[PDB]
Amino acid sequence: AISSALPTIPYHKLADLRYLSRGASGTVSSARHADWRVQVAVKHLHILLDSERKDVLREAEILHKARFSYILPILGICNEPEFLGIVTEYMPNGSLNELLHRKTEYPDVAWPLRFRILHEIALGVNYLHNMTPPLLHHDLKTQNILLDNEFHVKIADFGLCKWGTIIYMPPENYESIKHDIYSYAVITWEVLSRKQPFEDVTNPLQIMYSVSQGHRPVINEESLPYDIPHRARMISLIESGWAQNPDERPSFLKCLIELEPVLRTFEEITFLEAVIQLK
């Protein structure tokens, strides 16, 4: 049984600790490690409770166990009297949300990159489902799909995972291994549309009411234009992914088997050309 312990990092090694974003999960800051000479991110708490400390230790244990090419690499934990935080690689290219919706900043996200992003999310979630015991993310949303310096996907935010918005939640969870694939489908719709799901709906409960009656983000020529590569296959994958009956949604293994032939139609250089075009 080959084991490794998550390193502990003294707070004083984390220089230039500057705020990046607050959230529900906690506050995320950028720093640089004095010994290692690389920029890092730290997720920490707003400046010392008991079961708050339990939650962070849990998430850090998970990240450490879930290490994978498409999962945010934990570098260590800061564990001290005054300060508690998870230290990971800094993701300089933001989240997928920002990529899709900041259209002035990113007017062209070429198709090959979008497909790669969808492929890599799938590979990341699939890995988690294939752990023993399976880890279910249960909070997949475009905000939690971070993008590295090369625009590769790192999945983040393991606060609601089991060994804010409801747009990505399947109808049955309003009061299951088929949750993540539902979230995935909506993300797939979002990525291919660059639209907000249910854009023309004021109230979340109106969405929930509609979703529980079988309605889904709209699929027409306006949402998903006719020039999308593999439009028809992608629409099937979306529609099965978010099917009303959870039993009718695919496993991520099935999903990946559907994606592989699509991803193979993109030459490797077109991903690089896609990334270079971006800000």
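Numbering starts at 1 and follows the sequence shown.
If the chain runs straight from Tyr209 to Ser210, say none; otherwise bin the unmodelled deposited residues as 1 to 3, 4 to 9, or 10 or more. Per the deposited record, the segment joining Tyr209 and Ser210 has no missing residues.
If I compare the deposited sequence with the modelled residues, how many are absent between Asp200 and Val201: none, 1 to 3, 4 to 9, or 10 or more? Nothing is missing.
Read off the CA B-factors in the entry, average them over 23-31 and over 58-66, and name the higher stretch. Comparing averages over the C-alpha atoms only gives 23-31.
Which has the higher mean CA temperature factor in the PDB entry, 237-245 or 219-227? If you average the C-alpha B-factors of 219-227 and of 237-245, the larger mean comes out for 219-227.
So among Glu120, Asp139, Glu80, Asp148, who wins on Cα B-factor in the entry? In the PDB entry, the greatest C-alpha B-factor among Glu120, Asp139, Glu80, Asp148 is found at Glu80.
Please work out which residue in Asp180, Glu175, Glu89, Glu190 has the highest C-alpha B-factor recorded for this crystal structure. Highest C-alpha B-factor among the listed options: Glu175.
Looking at the C-alpha B-factor of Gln213, is it in the lowest, middle or highest third of its chain? For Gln213, the deposited C-alpha B-factor lands in the middle third.
Among modelled residues of the same chain, the CA temperature factor third for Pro171: Middle third of the chain for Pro171's C-alpha B-factor.
Would you mind ranking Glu260 by its C-alpha B-factor against the rest of the chain and naming the third, lowest, middle or highest? Tercile = lowest for this residue's CA B-factor.
Lowest, middle or highest third of the chain for the C-alpha temperature factor of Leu253? Its C-alpha B-factor, which the entry lists for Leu253, ranks in the lowest third among residues of this chain.
Report the third (lowest, middle or highest) to which the CA temperature factor of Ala5 belongs, ranking only the modelled residues of the same chain. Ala5: CA B-factor falls in the highest third of its chain.
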